[PDB]
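S.K.: Got a structure for you, questions after.
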Amino acid sequence: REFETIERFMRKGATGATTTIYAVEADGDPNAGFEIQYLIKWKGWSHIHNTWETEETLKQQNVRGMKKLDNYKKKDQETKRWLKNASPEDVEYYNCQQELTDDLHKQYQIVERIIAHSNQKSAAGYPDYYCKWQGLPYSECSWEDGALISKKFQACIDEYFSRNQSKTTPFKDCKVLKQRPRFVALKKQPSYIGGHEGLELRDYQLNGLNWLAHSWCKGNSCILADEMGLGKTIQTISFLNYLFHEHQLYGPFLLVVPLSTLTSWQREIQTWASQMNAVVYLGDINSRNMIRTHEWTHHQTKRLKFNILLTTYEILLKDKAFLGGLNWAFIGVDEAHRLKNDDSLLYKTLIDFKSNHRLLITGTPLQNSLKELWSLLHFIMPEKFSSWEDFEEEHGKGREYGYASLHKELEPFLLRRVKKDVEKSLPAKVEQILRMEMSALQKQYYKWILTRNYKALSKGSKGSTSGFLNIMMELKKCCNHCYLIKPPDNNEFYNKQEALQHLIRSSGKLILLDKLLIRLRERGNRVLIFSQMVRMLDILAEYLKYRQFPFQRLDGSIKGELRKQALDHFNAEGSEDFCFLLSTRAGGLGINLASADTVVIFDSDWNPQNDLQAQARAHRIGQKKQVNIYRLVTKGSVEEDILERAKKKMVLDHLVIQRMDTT
Amino acid sequence: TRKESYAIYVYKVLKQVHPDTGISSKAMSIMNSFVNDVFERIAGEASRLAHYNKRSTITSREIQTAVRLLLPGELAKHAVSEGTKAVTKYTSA
Amino acid sequence: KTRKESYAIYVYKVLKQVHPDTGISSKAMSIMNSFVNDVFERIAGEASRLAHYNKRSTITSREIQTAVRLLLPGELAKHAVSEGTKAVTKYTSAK
Amino acid sequence: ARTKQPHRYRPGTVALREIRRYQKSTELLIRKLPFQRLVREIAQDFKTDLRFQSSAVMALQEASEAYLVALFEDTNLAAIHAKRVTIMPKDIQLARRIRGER
Amino acid sequence: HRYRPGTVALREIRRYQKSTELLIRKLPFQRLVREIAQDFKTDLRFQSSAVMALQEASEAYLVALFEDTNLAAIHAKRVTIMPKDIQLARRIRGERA
Amino acid sequence: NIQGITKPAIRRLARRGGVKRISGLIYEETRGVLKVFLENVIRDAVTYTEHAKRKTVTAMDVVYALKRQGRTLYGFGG
Amino acid sequence: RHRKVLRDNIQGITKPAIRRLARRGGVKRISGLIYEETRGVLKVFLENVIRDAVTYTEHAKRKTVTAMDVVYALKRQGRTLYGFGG
Amino acid sequence: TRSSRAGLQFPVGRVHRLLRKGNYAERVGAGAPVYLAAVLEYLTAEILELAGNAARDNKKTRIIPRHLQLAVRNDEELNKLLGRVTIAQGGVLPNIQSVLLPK
Amino acid sequence: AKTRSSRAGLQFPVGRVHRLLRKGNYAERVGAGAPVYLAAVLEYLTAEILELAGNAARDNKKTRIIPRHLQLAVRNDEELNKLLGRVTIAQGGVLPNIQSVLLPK
DNA sequence: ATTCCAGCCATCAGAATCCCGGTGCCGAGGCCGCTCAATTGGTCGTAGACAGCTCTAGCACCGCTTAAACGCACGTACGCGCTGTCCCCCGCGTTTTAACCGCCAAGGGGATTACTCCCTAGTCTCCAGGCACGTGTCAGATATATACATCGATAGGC
DNA sequence: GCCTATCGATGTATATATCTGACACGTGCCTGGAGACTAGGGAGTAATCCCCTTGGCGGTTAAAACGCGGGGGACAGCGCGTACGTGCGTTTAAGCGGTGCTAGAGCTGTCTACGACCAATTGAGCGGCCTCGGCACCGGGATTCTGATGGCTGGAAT
Ligand SMILES: Nc1ncnc2c1ncn2[C@@H]1O[C@H](COP(=O)(O)OP(=O)(O)O)[C@@H](O)[C@H]1O
Ligand code: BEF
């Protein structure tokens, strides 16, 4: 059938080069007489050029980008008008915010690590050096004058050269992998640990290090489940350092640290284990390319230069290819309970990573089912636990002897030391549950939700009736605060002092919370608020801004770089921040705060282990004072219903766990 | 439980026309939907023909007329030829 | 001559109930009969397809209701549904 | 010693490239999640507390994209008819009216 | 006396839109229908109602096509219909695509 | 025979459509489109007639053919 | 700071999305008023389809809209879709 | 009889017979034909009322296809129901585009 | 053989078509030849579509028929385009076509 | 100081529907009788209505990356108004061809009816197409490669 | 105001080498299709007869058909100006991974109500007639455009 350009917008005479770090050292401030301007910022040049400049200097050089000044003018006018009307308390909050922000900005000027050096020996003795930025990703790396960097940052060039000349970097072939050496008992802390500062590991840490070493000599991987607050990471880095020195093993190591805890690990690997080079493999694609170019391979030998990496799960997943061939011996994982669901892509990714020793670090590995514990055990040695059905039949529930069998088999693979058995100095935790009655507005919204009479809630609100497809999550919102379901009408009250009263009376919980916070304020105790609803944090922040001192915040939207500063400011001695707003899943895990005496759980997670994790953020090694924990519960509401499940689960878990001790 | 479809028969047709070629699952679903649609269309036209002529039965002739009404030109002619051949071979048994 | 059924006697009663002093010619009547036939056929086809899709062997009143809602515009659909419900209620009353 | 002591395509070149690219690619163009949001919002007006199977939204998106593409083709023909190159709302209106959409 | 171009056109528009009679001569249409059918089967007979139905359908189709053509013409800011208008109308309708 | 559809007839049909001015080329196009429509309808009409084993094309055949083509006609039966 | 404002869901069919759909249709130049018109047309189409889909769902005593409901709704409008059932 | 019980002028028995001898479903419910008859009667009543109104507007007293066409095309809902339907002798709705009218 | 498709020499299921017609409420009776005829028609249409789909696939250097290939085959054939004129094939896209008036001379 | 086009109204011939009365057809709408199809009453057996139960799979977050959306700047291409020329159509008169109507005649095909017998639906027993589920591993998704057609658009040939 | 020529650089395309998930075959079993057999209604005829389609013909207007002039639209070429495209830096939110729950989508199974299929029987609706009014006709009636004479002046021009 071409001229420079402005980057951003932040006495008379002080301008130009003389104000730069080349001359301010010799002449300081050219004038400091009795108008005002803001810090220099140019597109294309490093921040280390900080100076004080005037409106005319840009014009004189004909810098392209003057038209950009209009937005800055808008900002200036808005700030001027807004600040005057701001209440004195809000003014204080804003001033503290500015004070912290300028310090954040300045921190960039401090160079952390020289990355590369140019063959052009300027002045025949000053090669150009590629300088890293403190608190900024590798994407911002720029070359700087060798002499200039030496004047203010001499030591860093010595660091980079010494590391470059070093030969401790790992090698592809190792005889240790073929046959493990004989175990040697560590009777006392080696002198090289802690450095000249003489830092001493606590005894239980030394015992755990001995246990981990013994397990390594047998070739068996292990799970470390030390009770939260005992410093698991210190023991991990101690094992790494032991592998370094007492075995001459400088093999690749890969610690998958969460994002919130990355900086803590980095600081501790710099203080401890200073003999090892660390690479924080975080940032955008370009920054990772920069690392993979400069800090990855020793081009003169094609050998690996790094010792310990610091990656997150989300980044490791998105670059799983590159590491797949560069097999690492010591693939460590922190906050390992993410591996409790073997189907999760992290499990399938890491299980294909050829590793010789994997150590999981999780405070509460027991979790809600034996399957999760089996999953972790499988991650230890896939050969010995390759079958689920066999394990299930071998450990049939109900019979009492099976639990003792479990506690026997776990002992060589899982190590855990309760606080009371290793450090009695720590004050005992105080747990109190404060019932509270729902407010009348809460009761009316609750009645409407239960009847699903959307007609009432819709009055003057954009809420969608289809958003009620999960009544549990809306009942929880109603219980917490009315504003979550129905945004408050800002036109009802123009005076803040009245809107604050309405906000307080709107939520029954706040009626107790404000009084509790004031009473703790009298004692001078700092308070940590953990909540699993991020909008709840917004509500609480708005409430705080009216009355109390500046507060730091930690939720998943806060970029990592700022979390370092927030944590340091709250922890730093002399801090005035009254309380810390921490989202549970983001900030409740791992971070070592140890600077507060109250931990208030606004809303309870479906999983009590997360709540226990949050409580332990304060109750850590650094606490010199007892911590009082208050769990908020709304009487006559589903929140108690959740707590009943929590009680059953907790009783069962405690009964099982207590069998581990020979009491 | 069991859902019945034309997957295997379309696959046989494919391995007759293009032995090497394969067929993705969504392509197979598309072909199944097309077969169902043409089936229902021809059946409906045949039913209308029967009701109009006050018949009570659908015969090969009704299907032939439905094909002539639905498919255009050469497609209809070839479909009619194939149907006549199939019926003849069936009777020849 | 064999018998050709039609709705003439019914359309005429409806006309004499909405407009007593009015009449209808032989072609307007044919148009009305065709319209009735077309609406019947489309509603019946909707009911049949609804039944087959839902794997059911009966054309219930509810099938006709959904068919009318699918086919007629909003206001016509609402009025037709109301009248059908009333008719069904009255029919079931004399049980 | 640093011490401190362009190309531009013309209007229409990229449009043709986009035309070719999106005629070649079959990938869905509207972002899935906002379309799901709009589908749910519209459905709310008919029956509250409705649930949607994941394939229902996909089918609706495919049908809507195909309908919009056909409408844009007709609109482009209408614009060319007026000896123009820009599609304007009256072009869509004419296309719909001819197609018979009220 | 002599009307300006356009007046009689609107007069005819009003005359024919108001009325209902068939516009095409019946006998030429009968001949066209018979000729078209001849290619399919010889000796065919047509009921008068069949021819009238075909005429009604054809007139309705042509009137609708002319309305669409008029809309297309106005789109180009013209007032006179020309073939490309019919072609555009058909293509948009899907008849010729 | 197609010429039997004369210029005045197409003129009148255009008038009913609201056309005020008609180009001289519209007539051939109208004749062609009419021929195509007639062919499409008549083929189905004959097909229906042939199935019935008849020789006279009835009005019902035309009605069925139009209903297939989406041109439902009321006035003769259905 | 954020003023708690939220954009309309209809505005979620962004200007680049209409631009891309136009590109697939062969459109070289797009007037700025097309976008609102396109949004309205899409809303009307979705309303027409979803009405029939919801009716079908209600008939089955179901509270979930299934792909077959959408297929049937589109088939009613003469817009048969393939690849999701039949 | 089965129509007086429903108060419908249309025939329920004929609708039942057509539903059964129509190849629509294996069996047909008792209530289906009454519903269908009521719907058809309502539609006919609406069309006839509009047609009679149109006839009054023309001073005639006998409905003819012109009247039905006018009624259908002047009602948006009825026009949408019968969009693809052409009525013999119905003519067209008087509609002259503005651009064609004189200044 | 014991299978009605072998007798007719078709691949499509003649008995399944007979079941569908018999259960679809299309008519009160179904002849023996109607299933065979309909099965043959369906088989021919499937073969016609698949030939073009495979040709399009081989043009793109592919080996599996995807919806794009089916759409290309359907839209590039005048007859199949009329039969499937109102059919939207998911994930099939559209035929490449740029109006002349848009490209420069 | 003076004035002719557009222009508000103008005012008066025609040229049109329309408005009206007559006249008078014929198709409505009413009545009659009688068929057959709808109604009443009965048994009868399965849809399907309801209940109880298992898990998909659908919803609601948080968290975090990172690509796409967004806002703004620049300039140039297209739109839309405008003017002017030309030809193409409209309107009208007069001639020519053919519809249209009425009465008539034929016989061909639709319609109908009696009678027959063959093919289909309904029931039963008995497997082997068919499908769910599992699985091993090539085709395609995906990195990194250069190779190849030009936004122009700049510089020199007239 | 033009031809060609190279890279302000740019984005497709056409090559590899992974690796990875979807897809092409295998295997158990249980439903559904296929061999038997039967009953009986519907389809298939051959007759008959009635209508209504086809074809003739003569007169008889209506329409179609040309032919001409001149008005006003079509359509081209020109000229502003603005809104659209392109491109960049910044932001937003989609997308995806992980964690919870549980509403509700499908199934099984029980047994009961309500349709199907009968039989008598009876009245609604059908075809067949029959006889006036609604609506054609068709005037001359009125009157409602409508285009060319018109009066004037403002405005730009004299
Ligand atoms: N060996 C040690 N000696 C003294 N203090 C220690 C030691 N190990 C840990 N710490 C304290 O623990 C804090 C770090 O907590 P860390 O154990 O890193 O948290 P994580 O639970 O994430 O491991 C530090 O502030 C430090 O003061
Ligand atoms: F318990 Be640790 F701070 F993770």
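Going by the structure tokens order, chains are called A, B, ..., each with residues numbered from 1, while ligands are numbered from 1 in the order shown.
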Using only C-alpha atoms (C1' of nucleotides) and all ligand atoms, which residues of the polymer chains come no farther than 12 Å from ligand 2? I'd like the answer as a VMD selection string.
M.R.: chain A and resid 224 to 236 257 to 258 260 to 262 264 to 265 333 to 337 360 to 364 419 587 to 594 610 612 to 622
S.K.: Let's have the selection written as a PDB file, in the first residue's frame, with C-alpha atoms.
M.R.:
```pdb
ATOM      1  CA  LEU A 224      28.783   2.285  69.503  1.00  0.00           C
ATOM      2  CA  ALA A 225      25.690   3.230  71.510  1.00  0.00           C
ATOM      3  CA  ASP A 226      27.091   5.175  74.452  1.00  0.00           C
ATOM      4  CA  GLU A 227      24.357   7.067  76.268  1.00  0.00           C
ATOM      5  CA  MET A 228      23.924  10.590  74.926  1.00  0.00           C
ATOM      6  CA  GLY A 229      26.225  13.106  76.600  1.00  0.00           C
ATOM      7  CA  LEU A 230      29.330  10.933  77.093  1.00  0.00           C
ATOM      8  CA  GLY A 231      31.259  12.192  74.049  1.00  0.00           C
ATOM      9  CA  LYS A 232      30.994   9.471  71.412  1.00  0.00           C
ATOM     10  CA  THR A 233      32.851  11.564  68.834  1.00  0.00           C
ATOM     11  CA  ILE A 234      35.892  11.869  71.100  1.00  0.00           C
ATOM     12  CA  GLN A 235      36.140   8.082  71.239  1.00  0.00           C
ATOM     13  CA  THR A 236      35.710   7.861  67.461  1.00  0.00           C
ATOM     14  CA  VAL A 257      28.616  13.616  60.001  1.00  0.00           C
ATOM     15  CA  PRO A 258      25.152  15.277  60.045  1.00  0.00           C
ATOM     16  CA  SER A 260      24.161  20.374  62.342  1.00  0.00           C
ATOM     17  CA  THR A 261      27.085  18.551  63.981  1.00  0.00           C
ATOM     18  CA  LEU A 262      29.632  19.159  61.213  1.00  0.00           C
ATOM     19  CA  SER A 264      31.618  20.273  66.259  1.00  0.00           C
ATOM     20  CA  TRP A 265      33.370  17.361  64.548  1.00  0.00           C
ATOM     21  CA  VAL A 333      28.569   6.983  60.327  1.00  0.00           C
ATOM     22  CA  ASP A 334      27.178   9.340  62.979  1.00  0.00           C
ATOM     23  CA  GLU A 335      23.504   9.565  63.913  1.00  0.00           C
ATOM     24  CA  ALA A 336      23.282   6.106  62.385  1.00  0.00           C
ATOM     25  CA  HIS A 337      19.594   5.483  63.123  1.00  0.00           C
ATOM     26  CA  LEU A 360      27.781   3.315  63.787  1.00  0.00           C
ATOM     27  CA  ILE A 361      27.229   6.044  66.389  1.00  0.00           C
ATOM     28  CA  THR A 362      23.617   6.240  67.608  1.00  0.00           C
ATOM     29  CA  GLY A 363      22.433   7.170  71.085  1.00  0.00           C
ATOM     30  CA  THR A 364      19.315   4.963  71.081  1.00  0.00           C
ATOM     31  CA  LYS A 419      25.687   7.493  82.501  1.00  0.00           C
ATOM     32  CA  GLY A 587      18.919  20.863  66.203  1.00  0.00           C
ATOM     33  CA  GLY A 588      17.912  18.159  68.664  1.00  0.00           C
ATOM     34  CA  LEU A 589      20.557  15.665  67.525  1.00  0.00           C
ATOM     35  CA  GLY A 590      24.267  15.523  68.287  1.00  0.00           C
ATOM     36  CA  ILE A 591      25.082  19.179  68.934  1.00  0.00           C
ATOM     37  CA  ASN A 592      26.983  19.729  72.198  1.00  0.00           C
ATOM     38  CA  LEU A 593      25.384  22.813  73.770  1.00  0.00           C
ATOM     39  CA  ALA A 594      25.865  22.253  77.527  1.00  0.00           C
ATOM     40  CA  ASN A 610      13.798  11.714  69.538  1.00  0.00           C
ATOM     41  CA  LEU A 612      15.121  11.704  74.770  1.00  0.00           C
ATOM     42  CA  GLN A 613      17.756  12.710  72.211  1.00  0.00           C
ATOM     43  CA  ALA A 614      16.713  16.349  72.568  1.00  0.00           C
ATOM     44  CA  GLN A 615      16.868  16.215  76.369  1.00  0.00           C
ATOM     45  CA  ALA A 616      20.484  15.043  76.209  1.00  0.00           C
ATOM     46  CA  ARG A 617      21.684  18.079  74.238  1.00  0.00           C
ATOM     47  CA  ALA A 618      22.077  19.999  77.495  1.00  0.00           C
ATOM     48  CA  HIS A 619      22.859  17.008  79.739  1.00  0.00           C
ATOM     49  CA  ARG A 620      26.387  16.432  78.444  1.00  0.00           C
ATOM     50  CA  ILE A 621      29.951  16.429  79.770  1.00  0.00           C
ATOM     51  CA  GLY A 622      30.081  20.216  80.028  1.00  0.00           C
TER      52      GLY A 622
END
```
S.K.: Give as a list in words every residue of chain I that touches chain H within 12 Å, counting only C-alpha atoms.
M.R.: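 Therefore, the residues near the partner are residues 21, 22, 23, 24, 25, 26, 27, 28 and 29 of chain I.
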S.K.: Output the contact residues of chain E with respect to chain H at a cut-off of 9 Å, based on only C-alpha atoms, as number ranges by chain.
M.R.: E: 6-7, 10, 13-14, 16-22, 53, 56-57, 60-61, 63, 70-71, 74, 79
S.K.: Write out the residues from the selection above, keeping C-alpha atoms, as a tab-separated table (two decimals), in the first residue's frame.
M.R.:
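See part-v3.tsv below for the written result:
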```tsv
chain	number	residue	atom	x	y	z
E	6	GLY	CA	-23.14	47.94	1.57
E	7	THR	CA	-26.75	48.97	2.14
E	10	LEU	CA	-27.14	44.43	4.98
E	13	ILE	CA	-28.42	39.82	5.53
E	14	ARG	CA	-31.55	40.89	7.39
E	16	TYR	CA	-32.13	35.87	4.98
E	17	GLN	CA	-31.23	35.67	8.67
E	18	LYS	CA	-34.87	36.40	9.51
E	19	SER	CA	-36.24	33.81	7.07
E	20	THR	CA	-35.99	30.02	7.17
E	21	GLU	CA	-36.44	28.83	3.57
E	22	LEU	CA	-33.87	26.78	1.68
E	53	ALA	CA	-32.22	16.24	4.78
E	56	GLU	CA	-30.68	21.10	5.22
E	57	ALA	CA	-27.45	19.66	6.62
E	60	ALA	CA	-26.40	24.55	8.00
E	61	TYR	CA	-22.77	23.47	7.60
E	63	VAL	CA	-23.71	28.87	7.12
E	70	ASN	CA	-16.43	36.14	8.74
E	71	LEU	CA	-14.87	36.01	12.20
E	74	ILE	CA	-12.50	40.54	10.94
E	79	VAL	CA	-14.27	43.02	5.92
```
S.K.: For residue 87 in chain B, list every protein, DNA or RNA residue within 9 Å, evaluated using only C-alpha atoms (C1' of nucleotides), and leave out those in the same chain fewer than 2 positions away; present the list as a list in words.
M.R.: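 Once the nearby chain positions are removed, what remains is residues 60, 82, 83, 84, 85, 89, 90, 91 and 92 of chain B; 8, 33, 34, 36, 37 and 40 of chain I.
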S.K.: List every residue of chain G that DSSP, applied to the backbone of this structure, places in strand (DSSP E or B), and write the result as a ChimeraX atom specification.
M.R.: /G:29-30,64-65,81-82
S.K.: Please save C-alpha atoms of the selected residues as a JSON list (two decimals), in the first residue's frame.
M.R.:
```json
[["chain", "number", "residue", "atom", "x", "y", "z"],
["G", 29, "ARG", "CA", 6.62, 35.82, 20.14],
["G", 30, "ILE", "CA", 4.19, 36.02, 23.08],
["G", 64, "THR", "CA", -10.61, 8.95, 46.04],
["G", 65, "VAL", "CA", -10.33, 10.08, 42.42],
["G", 81, "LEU", "CA", -6.19, 9.83, 26.79],
["G", 82, "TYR", "CA", -3.94, 6.78, 26.39]]
```
S.K.: Counting only C-alpha atoms, figure out which residue out of I:41, I:80, I:17, I:1 gets nearest to chain B.
M.R.: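 Ranking I:41, I:80, I:17, I:1 by distance to chain B, first place goes to I:41.
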S.K.: With only C-alpha atoms (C1' of nucleotides) considered, list every residue of chain B at most 10 Å from chain J, as a VMD selection string.
M.R.: chain B and resid 1 to 5 8 57
